[PDB]
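Residue numbers (my numbering), protein chains in the order written: chain A, 1 to 29; chain B, 101 to 193. Input: a single structure, listed below in structure tokens.
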């Protein structure tokens, strides 16, 4: 004989920009 | 009952020749079942000498063989029959 045991269950059902920045230097190249 | 016996099965059985003398049964150690009396008189110091363990003084009047075959019952509800599952064969007594 083959016997089966099943344990089962039922789940419950259902701004423009930033303020301040450090000063930068810009160098045209 | 030689008028009701099935001749089909009887004719297929081997024919045995009657032996010379009144035979007596015995118990012999297994794996000694094919040796033949290596010596005239038992020497228990040695083994496999082909001598019976016990010699019957008188033959049995009848011998009974019993064999149960181990099947298992599964009782499933609301079924007209139980499930029979083969377990094993069993030993002859």
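Even for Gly, the Cβ is constructed at its ideal location relative to N, Cα and C.
For residue 186 of chain B, the pairing in a beta bridge is given by DSSP as B:171. Within its own chain, the residues whose Cβ lies closer than 7 Å to the Cβ of residue 139 of chain B, once the five positions on either side in sequence are excluded, are 149, listed in chain order. For the pair residue 12 of chain A and residue 6 of chain A, the Cα-to-Cα distance works out to about 19 Å. Going by beta carbons, residue 142 of chain B and residue 151 of chain B fall inside the 7 Å limit. The beta carbon of residue 2 of chain A sits closer than 7 Å to no other beta carbon from its chain once the five residues preceding and following it are set aside. Following the DSSP letters along the chain, one finds residue 111 of chain B inside the alpha helix (DSSP H) bounded by residues 107 to 111. The alpha-carbon separation between residue 131 of chain B and residue 177 of chain B amounts to approximately 51 Å. Annotated three-state conformation of residue 21 of chain A is coil, per DSSP. When Cβ pairs closer than 8 Å are counted between the two stretches, the segment 156 to 168 of chain B is seen to touch the segment 115 to 127 of chain B, the count reaching three or more. The beta-carbon distance between residue 187 of chain B and residue 170 of chain B, rounded to whole angstroms, is 4 Å. This is short enough to meet the 8 Å contact definition.
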